[PDB]
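Peer 1: Quick check, what structure comes out for this input:
(2 chains)
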2 protein chains.
Amino acid sequence: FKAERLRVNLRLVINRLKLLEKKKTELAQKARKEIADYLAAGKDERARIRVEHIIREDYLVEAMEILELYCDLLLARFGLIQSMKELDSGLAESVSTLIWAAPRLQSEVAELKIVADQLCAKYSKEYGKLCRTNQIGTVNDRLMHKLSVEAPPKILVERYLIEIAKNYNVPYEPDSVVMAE
Amino acid sequence: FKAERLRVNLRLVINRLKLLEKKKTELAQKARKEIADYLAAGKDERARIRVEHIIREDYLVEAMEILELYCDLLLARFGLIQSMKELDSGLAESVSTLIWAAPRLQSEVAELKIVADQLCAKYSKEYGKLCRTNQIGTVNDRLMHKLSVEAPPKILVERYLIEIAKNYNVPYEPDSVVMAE
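Peer 2: Numbering: from 1, shown residues only, chains lettered A, B, ... in the order given. Right below this line is the structure:
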């Protein structure tokens, strides 16, 4: 385990997350316009897939915001990392989430895997790849939900479509079966 | 939706309606003289068509007067448009009629279509081209009658011919079938 390596990788992860959330917000605007165009036509069951894409990306942007927050938290309390040998309570959440989410966002942010390494190679109490996955039952549940790979609720998709239609001056008749239940 | 655009288009519509009603009154005088000349001869069933033209134009001039009134009303209560988000009762009639009559008089007055746009793009409660046509059941009935595209009543045509003949010193024998029923 190297400390300065972890510091540099944390700063890089922060910068990368900033860039990614910016450009993802922009792409989300453009793809929302695309969904509005799709709704202009009679194609409806396809706009639901497109808006699934959109809300997945939005969950992802929120999760990246949370991860940037946690990385900056670790970077603000780095000396408290170097001094102690076991992490305190103030850093349990950050370390846990940054180790749990690394394989999730490993493709988007590469440096995050190095951060996970330095945070797994520094600890031995329930640590190590195997024990690091075993002791991952203390991560932020909200971030787990944002990065949860699951079909979003249908009613949520209908609400997303209703709002986009209402904004882009396009008519849309929600599926009452899901819109009312 | 742009406010100053709506203001300017309303002023332009007012001016255009003034010019149009003036010149239409003049043309109506001249065409009434033409109908008198037609009645001087034995041609009668043709003077009825000409006077149909005339009374259509007169309905149109009255409708343009009403529309000028409503545009000026909106222009006098423009701040009340900008402040609220939903139109009040004092402006329901003006907005409704100016949205309903725009496609009717779109050829005569072009700016009226822009006014209709700004008044449809500002509202969402039963608004939008489709919902704007659906919620058009609150317009001034009188203006609807003036701009009603229908064969005028025959007795009314006979009365118009009787008056024109009596004024231009020409004999005319009304159709008793319609003149008495």
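Peer 1: need the contact list for residue A:44.
Peer 2: residue A:172 (Cβ atoms under 8 Å, 6 or more residues apart in numbering or on different chains). The C-beta positions use only the backbone N, C-alpha and C, and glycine is treated the same way.
Peer 1: ah, wrong one, I meant residue A:97
Peer 2: Contacts of residue A:97 (Cβ under 8 Å, 6+ apart): A:66-67, A:70, A:139-140, A:143.
Peer 1: Secondary structure added to the residues you listed, as CSV?
Peer 2: Conversion of the contacts of residue A:97 to CSV gives the following (DSSP: H, G, I helix; E, B strand; the rest coil):
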residue, secondary structure
A:66, helix
A:67, helix
A:70, helix
A:139, coil
A:140, coil
A:143, helix
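Peer 1: Name the member of these with the most neighbours.
Peer 2: With neighbours taken as other Cβ atoms under 10 Å in any protein chain shown, the top of the contacts of residue A:97 is residue A:67, carrying 27 neighbours.
Peer 1: list the contacts for that one?
Peer 2: So residue A:67 contacts A:13, A:17, A:97-98, A:101, A:105, A:112, A:143 (Cβ under 8 Å, 6+ apart).
Peer 1: Filter these down to the buried ones and hand me the ChimeraX line.
Peer 2: A single ChimeraX command selects the buried members of the contacts of residue A:67 (16 or more other Cβ atoms under 10 Å in any protein chain shown):
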select /A:13,17,97,98,101,105,112,143
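Peer 1: Determine which residue lies closest to the centroid of chain A.
Peer 2: By Cα atoms, centre = their mean, the mean C-alpha position of chain A lies nearest to residue A:63, the distance being 2.6 Å.
Peer 1: Could you list the buried residues of the host helix or strand of that one?
Peer 2: For residue A:63, the host element (DSSP states H and E) is helix A:45-76. Using 16+ other Cβ under 10 Å as the test for burial, helix A:45-76 gives A:47-48, A:50-52, A:54-55, A:59-64, A:66-68, A:70-72, A:74-75.
Peer 1: measure the residue nearest to the centre of chain A to chain B for me?
Peer 2: From residue A:63 over to chain B the distance is 33 Å, taken as Cβ to the nearest Cβ, to the nearest Å.
Peer 1: And for that residue, nearest residue in space, chain neighbours not counted?
Peer 2: residue A:146 (3.8 Å; Cβ to Cβ, 6 or more residues apart in numbering or on different chains).
Peer 1: so the one you found makes contact with residue A:56?
Peer 2: No - Residue A:146 sits out of contact with residue A:56 when judged by Cβ atoms under 8 Å, with a separation of 9.8 Å.
Peer 1: how many neighbours does residue A:103 have?
Peer 2: Neighbour tally, residue A:103, other Cβ under 10 Å: 12.
Peer 1: quick one, what contacts residue A:31?
Peer 2: By Cβ under 8 Å, 6+ apart, the neighbours of residue A:31 are A:50, A:53-54, A:57.
Peer 1: again, 10 Å this time
Peer 2: A:50-51, A:53-54, A:57 (Cβ atoms under 10 Å, 6 or more residues apart in numbering or on different chains).
Peer 1: Equivalent analysis for residue A:46, please.
Peer 2: A:35, A:38-39.
Peer 1: ok, of the contacts of residue A:31, which one's closest to residue A:8?
Peer 2: Using Cβ to Cβ, residue A:57 is the member of the contacts of residue A:31 that lies nearest residue A:8, at 28.2 Å.
Peer 1: near chain B, which residues of chain A?
Peer 2: A:166-167, A:169-171 (Cβ under 10 Å from any Cβ of the partner chain).
Peer 1: Widest-spaced pair of those?
Peer 2: Across the residues of chain A next to chain B (Cβ to Cβ), the longest gap, 12.6 Å, separates A:167 and A:171.
Peer 1: Tell me what angle the helix ranked longest in chain A forms with helix A:45-76.
Peer 2: Scanning chain A for the helix with the most residues, using DSSP state H, yields helix A:3-40. Angle of helix A:3-40 versus helix A:45-76, following axes from the mean of the first three to the mean of the last three Cα atoms, to 10 degrees, is 160 degrees.
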